[PDB]
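Cβ placement follows ideal geometry from the backbone for every residue including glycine, while neighbour counts extend to all protein chains displayed. Bear in mind that the values in this text are calculations on the coordinates, not laboratory data.
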Amino acid sequence: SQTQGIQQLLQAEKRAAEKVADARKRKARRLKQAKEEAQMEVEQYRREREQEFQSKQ
Amino acid sequence: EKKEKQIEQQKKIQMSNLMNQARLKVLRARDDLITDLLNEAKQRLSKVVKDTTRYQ
């Protein structure tokens with residue numbers, strides 16, 4: 001009865017912590033994602049700039 | 001910026017070099033021509049030596 005309600009208090013706190021953990025995992029995933037788009041764009045800059053260099057040469 | 005500046009600088013040095021060797025070629029050609037003239041002159045002198053009277 002009441003102890004079941006207290007179990008529900010604990011479980012609601014648990015799933016709130018699960019939401020927090022999921023949000024933190026989303027943040028880490030987002031930062032890793034940003035890392036590879038950064039890699040892609042810098043690769044693109046290198047390509048544009050080496051085609052410019054061969055053009056100049 | 002580093003690589004671009006290096007490349008253009010080397011281009012300038014190469015151009016200045018090429019101009020220099022052009023000038024050097026023309027000048028050495030001048031030298032060769034004048035030395036040829038001198039060689040002809042000494043040959044003429046050798047010819048002049050042959051005649052006995054004016055040589056005396």
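Shape analysis of chain A based on the Cα gyration tensor places the equivalent ellipsoid semi-axes at 55, 4, 4 Å, largest first. Backbone phi angles across the stretch A:15-20, fed through the Karplus curve with coefficients 6.51, -1.76 and 1.60 (θ = phi - 60°), yield HN-Hα couplings of 5, 5, 4, 5, 4, 4 Hz in residue order; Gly and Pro are listed as x. If the segment from A:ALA38 to A:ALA12 were pulled out straight at 0.36 nm per residue, it would be longer than the present Cα-Cα gap by 5.5 nm. Here, chain B is characterised by an Rg to Rh ratio of 1.59, where Rg is the alpha-carbon radius of gyration and Rh the Kirkwood radius.
Taking each residue as 0.36 nm, the span from B:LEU37 to B:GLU4 lengthens on full extension beyond its C-alpha to C-alpha distance by 6.8 nm.
Karplus-based coupling profile of the stretch A:2-13, in residue order and whole Hz: 5, 5, 5, x, 6, 4, 5, 4, 5, 5, 5, 4, with θ = phi - 60° in 6.51 cos²θ - 1.76 cosθ + 1.60 and x standing for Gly or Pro. Measuring max minus min along each principal axis, the C-alpha atoms of the protein assembly as shown give extents of 155, 21, 14 Å (largest first).
Here the Karplus relation 6.51 cos²θ - 1.76 cosθ + 1.60, evaluated at θ = phi - 60°, turns the backbone of the stretch B:10-23 into coupling constants of 4, 4, 4, 4, 4, 4, 4, 4, 4, 4, 4, 6, 4, 4 Hz, with x for every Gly and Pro.
With each label modelled as a point 7 angstrom along the Cα→C-beta vector, the A:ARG30-B:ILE13 pair spans 5.2 nm.
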